[PDB]
Amino acid sequence: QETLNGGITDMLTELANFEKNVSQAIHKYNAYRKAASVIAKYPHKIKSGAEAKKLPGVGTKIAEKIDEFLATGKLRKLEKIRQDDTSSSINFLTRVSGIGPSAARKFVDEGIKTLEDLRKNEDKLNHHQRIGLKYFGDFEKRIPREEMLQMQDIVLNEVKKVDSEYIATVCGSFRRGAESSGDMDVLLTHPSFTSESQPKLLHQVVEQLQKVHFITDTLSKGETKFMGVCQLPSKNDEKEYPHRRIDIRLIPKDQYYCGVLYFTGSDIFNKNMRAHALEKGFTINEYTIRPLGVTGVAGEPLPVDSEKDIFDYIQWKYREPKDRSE
DNA sequence: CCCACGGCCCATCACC
DNA sequence: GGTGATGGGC
DNA sequence: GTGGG
Ligand SMILES: Nc1ncnc2c1ncn2[C@H]1C[C@H](O)[C@@H](COP(=O)(O)NP(=O)(O)OP(=O)(O)O)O1
Ligand SMILES: [Mg+2]
Ligand code: NA
Ligand code: NA
């Protein structure tokens with residue numbers, strides 16, 4: 001229930017963002033986010049810092065902040081950083097795709113604090129940053145599953161049309177049956193591309209998707225990883241659909257399913273499955289599953305033809321994508 | 001007291 | 001021109 | 001900031 005401890009998880013999430021974007025302290029960012037997660041999943045309305053401290057990832061200092069929040073309805077440090085022009089400006093600008101904590105600080109140092117200021121100083125943005133600025137509003141919109149369905153239809157049709165031997169899967173929140181998504185994650189393979197192996201295989205797919213005006217902009221494109229922008233087509237009368245983020249990854253056929261597993265199931269689910277695989281003497285990464293020897297020495301990758309094979313290896317009961325939140 | 005904390009591709013920067 | 005470091009994303 | 005060596 002959101003109404004349960006939302007004040008607290010809103011407080012921690014805001015603190016997480018200031019640590020990441022202003023303080024450049026990624027492990028404090030993660031610490032606040034962990035604390036917010038476990039608190040959000042906690043079945044009761046917290047009454048004290050001490051009650052919260054029992055939970056793993058809640059320490060003395062978050063416990064102290066919860067006491068102040070519950071006693072006053074506020075956190076002084078947060079009220080202050082909220083009113084601070086430089087800090088609130090830095091935090092805001094990192095919302096632009098391609099502006100991280102370092103670019104944000106440099107921009108605010110030379111008086112560039114707003115979107116308007118960025119529009120007026122485009123010569124000082126790289127390519128990625130210009131696209132992020134151009135689509136600022138569209139990038140913070142979520143993608144209803146209906147639209148994701150329409151998007152999958154276009155990606156699977158165009159892929160098959162370039163070469164019928166391509167395998168494409170839409171992974172991420174979408175493949176877990178989420179009713180909305182932040183972006184589209186596409187994994188691509190082809191029988192000609194294995195571990196013991198052309199860079200045109202990715203290029204060709206991106207090109208076809210640009211030819212039918214589904215992909216509108218490129219943030220980054222290599223031999224194996226594409227990041228860009230797409231848009232569903234509209235019906236003249238009907239209003240333009242928002243621009244959406246799409247990632248396409250080319251993966252060797254023999255690492256494909258390790259990829260599908262990784263880029264599909266929740267990060268939490270990936271961490272838990274990884275943790276359990278260690279218990280059973282296997283190291284799993286995004287690429288491969290390897291058996292650990294007696295001394296912890298990683299053996300050669302095991303053959304994987306399906307997701308289920310990975311589950312089998314670590315003697316786990318196969319979990320459909322929809323049941324991979326944790 | 002001290003260290004770890006998911007890790008890798010791609011763009012661009014610093015430097016040679 | 002090139003390599004390696006850094007920032008950024010996810 | 002939290003956990004744990
Ligand atoms: N450090 C990491 N970087 C990227 N992916 C990671 C990861 N750790 C775990 N993963 C896994 C878990 C992720 O599922 C997957 C990539 O998906 P996203 O697009 O990053 N997020 P999702 O699609 O779940 O949700 P939505 O976009 O709707 O917010 O990679
Ligand atoms: Mg996603
Ligand atoms: Na604790
Ligand atoms: Na950003």
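Here is the naming used below: chain letters follow the sequence lines, and residue numbers restart at 1 for every chain.
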Would you check, one step at a time, whether the test salt bridge (charged side-chain N to carboxylate O under 4.0 Å, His left out) holds for A:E147 with A:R244?
CA-CA 10 Å; A:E147 288 186 45; A:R244 309 305 207 180; 2.9 Å; yes
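- Between the P atom of D:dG1 and the CG atom of A:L12 lies a distance of 12 Å, rounded to the nearest Å.
- Nucleotide C:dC10 holds its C1' atom 14 Å from the CZ atom of A:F139, rounded to whole Å.
- The side chain to side chain donor-acceptor pair (under 3.5 Å) contacts involving residues 57-68 of chain A comprise A:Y32-A:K65, where partners must be two or more places apart or lie in separate chains.
- At distances below 3.5 Å, not a single donor-acceptor pair connects side-chain atoms of A:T283 with backbone N or O atoms of A:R290.
- Rounding to whole angstrom units, NE2 of residue A:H128 and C1' of B:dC13 are separated by 17 Å.
- Contact check, A:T224 against B:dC10: a side-chain N or O comes under 4.0 Å of OP1 or OP2.
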Checking A:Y135 against A:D217 for the side-chain hydrogen bond (donor to acceptor under 3.5 Å, both in side chains) test, could you report, in this order, the C-alpha distance in whole Å, the side-chain angles of both residues, the deciding distance, and whether it holds?
CA-CA 10 Å; A:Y135 296 120; A:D217 304 86; 2.5 Å; yes
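- At the heavy-atom level, A:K106 lies nowhere under 4.0 Å from the strands shown.
- With C:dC10, D:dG1, B:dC10 as the candidates, the nucleotide lying closest to the side chain of A:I62 is D:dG1.
- Out of D:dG1, C:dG8, C:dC10, the shortest distance to the side chain of A:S102 is found at C:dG8.
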List, with names and distances, any nitrogen or oxygen atoms from the protein found under 3.5 Å away from nitrogen or oxygen atoms belonging to nucleotides 4-8 of chain B.
unit_1	atom_1	unit_2	atom_2	d
B:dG6	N3	A:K271	NZ	3.4

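- Ion pairing of A:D84 with A:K80 is absent here, as no side-chain N (NZ or NE/NH1/NH2) approaches a carboxylate O to less than 4.0 Å.
- Summarising the geometry, the separation between CD on A:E140 and P on C:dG9 is reported as 12 Å, rounded to the nearest angstrom.
- In this structure, A:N285 reaches neither bases nor backbone, as no heavy-atom distance under 4.0 Å exists between it and the strands shown.
- Going from atom NZ of A:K124 over to atom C1' of B:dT12 covers 18 Å, rounded to whole Å.
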What's touching nucleotides 3-5 of chain D from the protein side, N or O pairs under 3.5 Å?
unit_1	atom_1	unit_2	atom_2	d
D:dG3	OP1	A:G57	N	2.8

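- Residue pairs meeting the ring-ring contact (aromatic ring centres under 6.0 Å, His included) criterion with at least one partner in residues 58-110 of chain A, sequence neighbours excluded, are A:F92-A:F136.
- Residues passing the salt bridge (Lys or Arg N to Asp or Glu O under 4.0 Å) test with A:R82 are A:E14, A:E79, sequence neighbours excluded.
- Within 4.0 Å (heavy atoms only), A:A25 reaches no atom of the nucleic acid at all.
- Candidate nucleotides C:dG9, B:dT12, D:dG1 were compared by shortest atom distance to the side chain of A:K61, and D:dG1 ranks first.
- Residue A:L250 contributes atom CG, which lies 13 Å from atom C1' of B:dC9 at whole-angstrom precision.
- Annotation: cation-pi geometry satisfied between A:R324 and A:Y318 (NZ/CZ under 6.0 angstrom from ring centroid, within 45° of ring axis).
- Computed from coordinates, the A:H127 NE2 to C:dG9 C1' distance equals 15 Å when rounded to whole Å.
- Spacing of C1' atoms, B:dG6 relative to C:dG8, comes out at 16 Å, to the nearest Å.
- Every pair passing ring-ring contact (aromatic ring centres under 6.0 Å, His included) that includes a residue from residues 153-181 of chain A is listed here, sequence neighbours excluded: A:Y166-A:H190.
- Without hydrogens or angle criteria, A:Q129 side chain to A:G98 main chain gives a donor-acceptor distance under 3.5 Å.
- Protein atom CD1 of A:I248 is 18 Å distant from nucleotide atom P of B:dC9, rounded to whole Å.
- Phosphate proximity of B:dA11 to A:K221: absent, as no side-chain N or O sits under 4.0 Å from OP1 or OP2.
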